[PDB]
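Using PDB author numbering, the letters of the sequence shown map in sequence onto residues 5 to 125, 127 to 260.
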Amino acid sequence: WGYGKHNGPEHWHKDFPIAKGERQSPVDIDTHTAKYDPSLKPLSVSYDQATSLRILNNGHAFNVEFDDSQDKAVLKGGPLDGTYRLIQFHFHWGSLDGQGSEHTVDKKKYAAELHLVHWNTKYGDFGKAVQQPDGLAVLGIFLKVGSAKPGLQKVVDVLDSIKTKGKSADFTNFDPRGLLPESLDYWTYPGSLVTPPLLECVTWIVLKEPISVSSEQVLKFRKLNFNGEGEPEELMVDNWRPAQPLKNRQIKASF
Ligand SMILES: [Zn+2]
Numbered sequence: 005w006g007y008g009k010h011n012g013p014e015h016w017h018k019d020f021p022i023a024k025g026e027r028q029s030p031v032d033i034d035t036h037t038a039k040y041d042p043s044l045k046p047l048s049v050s051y052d053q054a055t056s057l058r059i060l061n062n063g064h065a066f067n068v069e070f071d072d073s074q075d076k077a078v079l080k081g082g083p084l085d086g087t088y089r090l091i092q093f094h095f096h097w098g099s100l101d102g103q104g105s106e107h108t109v110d111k112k113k114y115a116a117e118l119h120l121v122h123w124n125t127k128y129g130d131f132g133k134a135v136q137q138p139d140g141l142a143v144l145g146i147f148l149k150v151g152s153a154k155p156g157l158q159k160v161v162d163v164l165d166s167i168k169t170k171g172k173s174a175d176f177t178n179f180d181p182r183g184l185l186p187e188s189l190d191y192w193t194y195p196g197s198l199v200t201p202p203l204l205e206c207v208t209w210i211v212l213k214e215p216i217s218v219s220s221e222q223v224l225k226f227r228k229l230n231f232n233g234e235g236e237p238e239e240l241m242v243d244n245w246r247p248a249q250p251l252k253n254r255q256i257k258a259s260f
């Protein structure tokens, strides 16, 4: 599985039948169809005590991992019930500024998309959570090309060290609060992971307001390799999946 012509998203179903399930992600968010739900509570992002450990290239993206042995970085409120712990955050981008996001807004595609992954602590470990319908909460943030995101530079600068698959590097004292937009207005629907196993255990929280990054920032992302060290170089670009059918599900808005 990958994003190539032969192992791309159109092929995942072979291996992962759930690929053509009822609550697959990503999706196109029709803003005219989204339902304003007044019963929706404000998001509660507590990341002041966040502990980042490292960054690694897993061959499909680069993940910044956090210490989730305690309620240090959590997400609550909104459409959620109980506390969700931050375990990792990563991105999805394109070969061009014209594509890269997972989710689309009225068919519009962004440069990239940030996923902050949290797991329902009632289930004890990530592993068990991914086996429940209310197992995960993923915070989705759109990235547009414009002005630099100061808070993102610490990450861009470390990319050289994890160019190939299986590389990792210590990445302590990184504050995720620097990647958040000003407003926390969101869209929410019941979905799945956007990559295999594509388990349907995610509660998506898509922020309305995108953050901007400079052309130079996103460009460094495109210098990554899907391949392992000493193998033919395959640039890590377009690690996104085509939008899926909403199939009855309803997209709710907090605004
Ligand atoms: Zn993702």
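Even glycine gets a Cβ: it sits at the ideal position worked out from N, Cα and C.
Judged by DSSP in its simplified three-state form, residue 125 adopts helix. Residue 61 is bridged by DSSP to 66. Using a Cβ distance threshold of 8 Å, residue 149 and residue 114 count as a contacting pair.
Put simply, the segment 36 to 44 does not touch the segment 195 to 212. Fewer than three CB pairs are less than 8 Å apart. Relative to the Cα of residue 227, the nearest Cα in the group 12, 192, 97, 60 belongs to 97.
In terms of CA proximity to residue 231, 62 leads the group 16, 58, 62, 52. At a Cβ-Cβ threshold of 8 Å, residue 123 and residue 141 count as neighbours. Each of 94, 96, 119, 199 has a C-beta closer than 6 Å to some heavy atom of ligand 1; these make up the full list, in chain order. If you draw a straight line from the Cα of residue 158 to the Cα of residue 25, it comes to about 38 Å. Where residue 229 is concerned, there is no enclosing beta strand (DSSP E), because DSSP gives it neither an H nor an E. Judged by pairs of C-beta atoms under 8 Å, the segment 183 to 193 does not touch the segment 238 to 249, as fewer than three such pairs exist.
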